[PDB]
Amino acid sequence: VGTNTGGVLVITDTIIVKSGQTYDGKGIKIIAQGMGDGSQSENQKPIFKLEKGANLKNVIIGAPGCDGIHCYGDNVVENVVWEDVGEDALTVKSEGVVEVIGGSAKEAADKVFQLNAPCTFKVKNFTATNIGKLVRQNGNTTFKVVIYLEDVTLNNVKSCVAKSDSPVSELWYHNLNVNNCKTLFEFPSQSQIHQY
């Protein structure tokens, strides 16, 4: 695929991507050291910190997945492959639009995507296999998120596709394929879920 395909970049601290920047790995795989083991422990660093307005593309995140990507809003994450999700794959930490486009995630013991601030969260052209949950809004929070799942294929989902404890949140899906999943959506009311 890209010119860095077959190279492995070993890091020992979070890669910070600045507002208005695009980090383009060109197919590089990233392996983090001393930042986490990819377990469910809470004491782990993100591989990437995407400030507001920062973008990320064309990276493979190898094990250990540590705490994945931290997004501070208005970010695009294109063609990112998590080969072995760590504590979680991506976390929305501050408000704005975040779009995951292309790529894949496998082997998430619990959540893939964690939403900890009001946001518009899009997952597009994306495959995930062997996961607990694809999207979680932070537990017991009642701020509003709006999730879009568009051309998403999921295989082996232990808990559900998406969970939220917020009655004002919404999920919209279009061309969603799901195999071997306990239950699709855990929201206060199933009327919060829509197709388009």
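Residue indices: 1-based, along the sequence shown.
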{"query": "Mean temperature factor over C-alpha atoms, higher-scoring stretch between 142-150 and 42-50", "finding": "42-50"}
{"query": "Greater mean Cα temperature factor according to the PDB record, 125-133 or 31-39", "finding": "31-39"}
{"query": "Out of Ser104, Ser94, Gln114, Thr120, highest CA B-factor residue", "finding": "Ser94"}
{"query": "Chain third (lowest, middle, highest) by recorded CA B-factor, residue given as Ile16", "finding": "highest"}
{"query": "B-factor third for the C-alpha atom of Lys57 within its chain", "finding": "middle"}
{"query": "Ranked against its chain, the third holding the CA B-factor of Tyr173", "finding": "lowest"}
{"query": "For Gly65, the third of its chain into which the C-alpha B factor falls", "finding": "middle"}
{"query": "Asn4 - which third its CA temperature factor falls in, relative to the rest of the chain", "finding": "highest"}
